Amino acid sequence: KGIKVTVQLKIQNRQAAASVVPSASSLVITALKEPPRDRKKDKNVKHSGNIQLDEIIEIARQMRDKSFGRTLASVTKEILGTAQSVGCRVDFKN
Amino acid sequence: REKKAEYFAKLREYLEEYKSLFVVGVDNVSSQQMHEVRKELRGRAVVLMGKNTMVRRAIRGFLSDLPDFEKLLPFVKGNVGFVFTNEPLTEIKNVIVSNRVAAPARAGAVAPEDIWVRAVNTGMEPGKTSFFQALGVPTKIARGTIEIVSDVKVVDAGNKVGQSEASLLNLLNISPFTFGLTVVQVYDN
Amino acid sequence: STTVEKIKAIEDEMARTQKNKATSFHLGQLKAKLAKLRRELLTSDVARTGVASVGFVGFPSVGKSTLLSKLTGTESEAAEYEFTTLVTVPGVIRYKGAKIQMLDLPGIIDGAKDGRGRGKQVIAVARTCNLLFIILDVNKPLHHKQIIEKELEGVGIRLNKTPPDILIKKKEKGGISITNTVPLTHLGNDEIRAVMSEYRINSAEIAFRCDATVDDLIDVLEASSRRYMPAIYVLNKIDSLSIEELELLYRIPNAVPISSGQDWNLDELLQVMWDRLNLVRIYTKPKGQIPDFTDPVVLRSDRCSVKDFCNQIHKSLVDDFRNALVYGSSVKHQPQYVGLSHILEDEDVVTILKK
RNA sequence: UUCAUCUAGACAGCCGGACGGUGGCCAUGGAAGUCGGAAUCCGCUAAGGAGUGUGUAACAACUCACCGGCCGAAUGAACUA
């Protein structure tokens, strides 16, 4: 469910209990990267990977806390990979 | 010079055909909460809170395609701001004045006008009830709720927001430091 | 500080260094250096008239603060929450005629501000206590427990033990010689000469009368610095357990299961605390007035001599000591003139004469 | 003397802001920039650092470095005798 401390979009008012995620930084990695993402990273560190394993990531900006409405997915694609130390995911800039 | 010439290019392109002309003064601002109004207004009116070029904001119009450009040349003052759109401007001022989101003063900055504090219920557990000695306001706790006994003056005209007696005015939820976007002049073409 | 990173540079490689004969000499070489490092951390006897001092150690928690507020009987705010604070002191309880002064010791659990000016202060004051309460949550006690004991052993505190019966006397010729009483199941002569090497001990004889470990031997060479003194493990938030294994928790030595919120076993905790503090009470008496019985002076079991009592009153008193009159079981027919070397006992009445 | 900055408004000084992606990847009791460890790109803008610092057990709470408004004319560094 996430190794980094996952923030939630959760308010507690009179029986409101639902584990919902605001699509933070470290959970789109949990989805896009392989299921060995919440597991097999206790002592390992994996700074490897450059496969273009997806190209339709623009299906996430609607719940990715809209910031760049006039750009489709350049924020999602060309910014991640550098700070996202797991892989690169893009042979455009690295 | 060369590094700043793009600001001339960016104003020149905008000053070719776009029919609306509108200036606004933005001296006090909360930029963060005033750039979600820059994101709700995507592509409608590109904002321009420019630099001291007020002198050749009108001089550089030597092309004189719209020779009224010599319109704010005797107005080299203030924080003039340029917005423009191809729609009737009478609807934008509805949305750009409602955003009067406010914050406390700079720990004691100016006070907009004299503020009177009544006895209005808030609904919180006893917190700073043991910290009402700087101003000396009588406060009683009932059923676990803070209630003001007597209405005591806080601020005055002539004197400004304090730091010991005024740290709780936004616990009373007033808007002393807002200075929302203000129209200064409108002219089309 | 480079000293702390050196210590870490030792610990990490020792941990990744597995245990066998080939690494035996290197690890023997390296524990002694680690000791040399920690002593200068410890670099900075007790005649505190006072009453007594007992320390509370444990990670910050609601139950722990409830417990200390209960025991001290006083409440207020904001001071029990700062973790930068070295130690806190307001709170003295009178118990069976003797006061006890308690401490909170958050500074012991550190590592970000450990090498600072007040770190030595908090360590030193923590090291002069009569006992420590090691507070745990019974549901997650382990991870805290190893860290706490690790830090105490790092700072020279020995818990629930006694000084090892190991004798070392220096010679000039013949090098290092060993006497053995019980067979050694852990210490090889390679380790013996290893640890002897760093301390520049060219020649001496070492006598073993118990199965000492490497740490025991190091403590023996560090006898003047280390302190052996009791500690009690306190287990709070026991409300979620059950009685059948609560009795099994009673099979752990020095373990006192309590629940601070509803105040279970506070009596047993107090009784055990006094039992292991082993504090003797002495009532002073002048010529005219009868003893007060209100403010007895308190000593330890191993320091209850007349000379100790006189020093406890004042340093100059021992020099001005004429003789002593004693009411109690310490003497045959009370009262009887006694000297400084005479050992006192609990609840006695003592009168000193000026010379 | 040689470099530079400056009416396309410098140096100061005041006053205003100082944003998102994203708590960037590990260390985990914890790092949103700030006990530490390898990293260092982008969008609104004229401008906001995967960060200067005060500081939280962590967050916020303050500051700068960046630009803007006033002021309206010179200023900054190195060197020579």
# chains A, B, ... in the order shown; residues from 1 in each chain; ligands from 1
call {"tool": "closest_atom_pairs", "arguments": {"of": "chain D", "to": "chain B", "cutoff": "7 Å", "atoms": "only C-alpha atoms (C1' of nucleotides)", "output": "JSON lines"}}
result
{"residue": "D:8", "atom": "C1'", "partner": "B:1", "partner_atom": "CA", "distance": 6.1}
{"residue": "D:16", "atom": "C1'", "partner": "B:28", "partner_atom": "CA", "distance": 5.5}
{"residue": "D:17", "atom": "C1'", "partner": "B:31", "partner_atom": "CA", "distance": 6.3}
{"residue": "D:19", "atom": "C1'", "partner": "B:32", "partner_atom": "CA", "distance": 5.3}
{"residue": "D:44", "atom": "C1'", "partner": "B:38", "partner_atom": "CA", "distance": 6.8}
{"residue": "D:46", "atom": "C1'", "partner": "B:50", "partner_atom": "CA", "distance": 5.4}
{"residue": "D:69", "atom": "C1'", "partner": "B:78", "partner_atom": "CA", "distance": 6.1}
call {"tool": "residues_around", "arguments": {"residues": "residue C:263", "least_positions_apart": "2", "cutoff": "10 Å", "atoms": "only C-alpha atoms (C1' of nucleotides)", "output": "short mmCIF file (atom, residue, chain, number, x, y, z; two decimals) with N, CA, C and O atoms, in the first residue's frame"}}
result
data_model
loop_
_atom_site.label_atom_id
_atom_site.label_comp_id
_atom_site.auth_asym_id
_atom_site.auth_seq_id
_atom_site.Cartn_x
_atom_site.Cartn_y
_atom_site.Cartn_z
N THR C 66 1.82 10.57 32.03
CA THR C 66 0.79 10.38 33.04
C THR C 66 1.39 9.80 34.31
O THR C 66 1.05 10.22 35.42
N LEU C 67 2.28 8.82 34.16
CA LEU C 67 2.90 8.19 35.31
C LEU C 67 3.71 9.19 36.12
O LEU C 67 3.59 9.25 37.35
N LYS C 70 1.48 11.58 37.92
CA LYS C 70 0.88 10.92 39.08
C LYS C 70 1.87 10.85 40.24
O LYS C 70 1.55 11.24 41.37
N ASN C 236 4.09 -0.46 31.06
CA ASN C 236 2.81 0.22 31.17
C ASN C 236 1.93 -0.10 29.96
O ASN C 236 2.39 -0.67 28.96
N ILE C 258 2.38 -2.39 35.14
CA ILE C 258 1.48 -1.39 35.70
C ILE C 258 0.60 -0.86 34.58
O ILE C 258 0.84 -1.10 33.40
N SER C 259 -0.45 -0.14 34.98
CA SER C 259 -1.28 0.61 34.03
C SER C 259 -1.52 1.99 34.64
O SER C 259 -2.33 2.14 35.55
N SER C 260 -0.79 2.98 34.12
CA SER C 260 -0.78 4.31 34.72
C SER C 260 -2.15 4.97 34.67
O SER C 260 -2.53 5.70 35.59
N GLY C 261 -2.90 4.73 33.59
CA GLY C 261 -4.19 5.40 33.44
C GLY C 261 -5.16 5.08 34.56
O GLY C 261 -5.77 5.98 35.15
N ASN C 265 -1.05 -1.40 40.28
CA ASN C 265 0.26 -1.85 40.74
C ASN C 265 1.21 -0.71 41.12
O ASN C 265 2.43 -0.92 41.20
N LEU C 266 0.68 0.49 41.38
CA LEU C 266 1.55 1.55 41.88
C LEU C 266 2.15 1.18 43.23
O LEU C 266 3.30 1.53 43.52
N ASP C 267 1.41 0.42 44.04
CA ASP C 267 1.93 0.01 45.34
C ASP C 267 3.10 -0.94 45.16
O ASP C 267 4.13 -0.81 45.83
#
call {"tool": "interface_residues", "arguments": {"of": "chain D", "to": "chain C", "cutoff": "10 Å", "atoms": "only C-alpha atoms (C1' of nucleotides)", "output": "NGL selection string"}}
result
:D and (29 or 35-36 or 57)
call {"tool": "atom_distance", "arguments": {"atom1": "atom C1' of residue D:25", "atom2": "atom CA of residue A:79"}}
result
13.9 Å
call {"tool": "interface_residues", "arguments": {"of": "chain D", "to": "chain A", "cutoff": "7 Å", "atoms": "only C-alpha atoms (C1' of nucleotides)", "output": "ChimeraX atom specification"}}
result
/D:20,22,24-25,41-43
call {"tool": "write_last_selection", "arguments": {"atoms": "C-alpha atoms (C1' of nucleotides)", "output": "PDB file, in the first residue's frame"}}
result
ATOM      1  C1'   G D  20       2.874  24.444  -7.199  1.00  0.00           C
ATOM      2  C1'   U D  22       6.640  17.043  -4.663  1.00  0.00           C
ATOM      3  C1'   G D  24      12.031  14.754  -4.821  1.00  0.00           C
ATOM      4  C1'   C D  25      15.182   9.059  -3.757  1.00  0.00           C
ATOM      5  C1'   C D  41      14.910  19.097 -13.917  1.00  0.00           C
ATOM      6  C1'   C D  42      10.126  21.777 -14.933  1.00  0.00           C
ATOM      7  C1'   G D  43       5.201  25.092 -15.295  1.00  0.00           C
TER       8        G D  43
END
call {"tool": "residues_around", "arguments": {"residues": "residue A:34", "least_positions_apart": "6", "cutoff": "12 Å", "atoms": "only C-alpha atoms (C1' of nucleotides)", "output": "ChimeraX atom specification"}}
result
/A:27-28,40,49,53-54,86-87
call {"tool": "write_last_selection", "arguments": {"atoms": "C-alpha atoms", "output": "short mmCIF file (atom, residue, chain, number, x, y, z; two decimals), in the first residue's frame"}}
result
data_model
loop_
_atom_site.label_atom_id
_atom_site.label_comp_id
_atom_site.auth_asym_id
_atom_site.auth_seq_id
_atom_site.Cartn_x
_atom_site.Cartn_y
_atom_site.Cartn_z
CA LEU A 27 1.88 5.86 -5.20
CA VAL A 28 1.80 6.44 -8.95
CA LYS A 40 11.32 -6.34 -2.07
CA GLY A 49 15.41 1.02 -15.28
CA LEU A 53 6.78 1.05 -20.03
CA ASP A 54 3.91 3.50 -20.55
CA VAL A 86 13.91 4.28 -9.35
CA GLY A 87 13.97 4.61 -13.13
#
call {"tool": "residues_around", "arguments": {"residues": "stretch 196-201 of chain C", "least_positions_apart": "5", "cutoff": "10 Å", "atoms": "only C-alpha atoms (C1' of nucleotides)", "output": "list in words"}}
result
residues 28, 29, 30, 31, 32, 33, 36, 170, 171, 172, 175, 176, 190, 191, 217, 218 and 221 of chain C
call {"tool": "residues_around", "arguments": {"residues": "residue B:69", "least_positions_apart": "5", "cutoff": "10 Å", "atoms": "only C-alpha atoms (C1' of nucleotides)", "output": "number ranges by chain"}}
result
B: 15, 57-62, 64, 189
call {"tool": "residues_around", "arguments": {"residues": "residue B:146", "least_positions_apart": "3", "cutoff": "10 Å", "atoms": "only C-alpha atoms (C1' of nucleotides)", "output": "PyMOL selection string"}}
result
chain B and resi 120-129+139-143+149
call {"tool": "atom_distance", "arguments": {"atom1": "atom CA of residue B:86", "atom2": "atom CA of residue B:187"}}
result
13.2 Å
call {"tool": "select_by_dssp", "arguments": {"residues": "chain A", "states": "alpha helix (DSSP H)", "output": "number ranges by chain"}}
result
A: 25-32, 74-78
call {"tool": "atom_distance", "arguments": {"atom1": "atom CA of residue B:181", "atom2": "atom CA of residue B:159"}}
result
25.2 Å
call {"tool": "residues_around", "arguments": {"residues": "residue C:232", "least_positions_apart": "5", "cutoff": "8 Å", "atoms": "only C-alpha atoms (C1' of nucleotides)", "output": "NGL selection string"}}
result
:C and (131-134 or 254-256 or 273)
call {"tool": "closest_residue", "arguments": {"among": "B:46, B:130, B:104, B:67", "to": "chain C", "atoms": "only C-alpha atoms"}}
result
B:130
call {"tool": "select_by_dssp", "arguments": {"residues": "stretch 73-193 of chain C", "states": "strand (DSSP E or B)", "output": "count of residues only"}}
result
32
